[PDB]
Amino acid sequence: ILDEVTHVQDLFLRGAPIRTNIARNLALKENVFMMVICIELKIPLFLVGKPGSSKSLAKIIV
Ligand SMILES: Nc1ncnc2c1ncn2[C@@H]1O[C@H](COP(=O)(O)OP(=O)(O)O)[C@@H](O)[C@H]1O
C-alpha cells in the first residue's frame, strides 16, 4: 500500500512540470498530490507546518 501511494505521488509530480533544484521528499509529493485531489473533489485542504514544508511551493506547482 505504501509503495502504491508513493508511486501515485511520483506520477502526479511527473504530471507537473519538471522543476530543477527541487526536493522530491514526502512533503512535496504528498502536498501536491493531495491538493490536486482535494481541489478536484471540491473538498478543502488545510496544509500547515513551518517555513520549509513545501506548501506554497505545492500551491504554485499545482
Ligand atoms: N523539498 C523541498 N521542500 C521545501 N522547499 C524546497 C524544497 N526544494 C526546494 N525548496 C525551496 O523552497 C522554496 C519555496 O519552498 P518553501 O519555502 O518550502 O515553501 P513554503 O512557503 O511552504 O515554506 C523554493 O525557492 C525552493 O528553492
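Cβ coordinates were reconstructed from backbone atoms using ideal geometry, including for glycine residues, and neighbour counts include every protein chain displayed. Taken together, the values in this text are just the output of simple stated rules run on the coordinates, not laboratory data.
The table that follows gives values for the structure above.
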quantity: For the chain: relative contact order, % (alpha-carbon pairs under 8 angstrom, 6 or more apart); calculated: 36 percent
quantity: Cβ-placed point charges (K, R +1; D, E -1), dipole of the chain about Cα centre in debye, nearest 20; calculated: 320 debye
quantity: Per-residue [θ]222 nm for the chain (sum of -39500 (n - 2.57) over DSSP H runs n ≥ 4, rounded to 500); calculated: -17500 deg cm²/dmol
quantity: Derived scalar couplings ³J(HN,Hα) [region 30-41; Karplus, 6.51 cos²θ - 1.76 cosθ + 1.60; whole Hz; x for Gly, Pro]; calculated: 4, 4, 5, 4, 6, 6, 4, 5, 5, 6, 5, 8
quantity: Length released on extending from residue 1 to residue 34, taking residue separation times 0.36 nm less the Cα-Cα span; calculated: 10.3 nm
quantity: Gained length - residue 42 relative to residue 25, 0.36 nm times residue gap less alpha-carbon distance; calculated: 3.5 nm
quantity: Contour minus Cα-Cα distance for residue 60 and residue 14 (0.36 nm per residue); calculated: 15.1 nm
quantity: Ranked by how many other beta carbons lie within 10 Å on average, peptides 54-62, 30-38 from highest; calculated: 30-38, 54-62
